[PDB]
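S.K.:
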Ligand SMILES: [Cu+2]
């Protein structure tokens, strides 16, 4: 139902935030 | 409700499109 | 409706998995 969808949004939003962190590291590490 | 979920989909979809643009720049800039 | 939302989640989840594959290739190819 709606609650299930909202829980999958939050997971997707955490997948995206981590991707953004990896992208930053690819550009700036070192 | 459903409308709220659809508005968070559209935001997620814009987060992803920008990520794809940054990935392209990482590979091809210069 | 809910089914439509679930179909857009699955698409988003495939967009993310491919992004993760491209990120891995950027780091490790070669
Ligand atoms: Cu969603």
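Residue numbers (the entry's author numbering), protein chains in the order written: chain A, 1 to 30; chain A', 1 to 30; chain A'', 1 to 30. A prime marks a further copy of an entry chain. In this text, a Cβ means the ideal position worked out from N, Cα and C, and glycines have one as well.
1. Please write down, chain order preserved, every residue whose beta carbon lies under 7 Å from a heavy atom of ligand 1.
2. Following the continuous alpha helix (DSSP H) through residue 15 (chain A'), name the residue where it begins and the one where it ends.
3. Am I right that residue 16 (chain A'') and residue 16 (chain A) are in contact with their C-beta atoms under 8 Å? What's the rounded C-beta distance?
4. Starting from the beta carbon of residue 8 (chain A''), find every residue of chain A' whose beta carbon is closer than 7 Å, and list them in chain order.
5. Can you name the residues of chain A' whose CB is closer than 8 Å to the CB of residue 29 (chain A'')?
M.R.: Straight from the coordinates:
1. A:5, A:8, A:9, A:12, A':5, A':8, A':9, A':12, A'':5, A'':8, A'':9 and A'':12
2. 2-28
3. 7 Å
4. 9
5. Residues of chain A' passing the Cβ test: none, with the nearest at roughly 10 Å.
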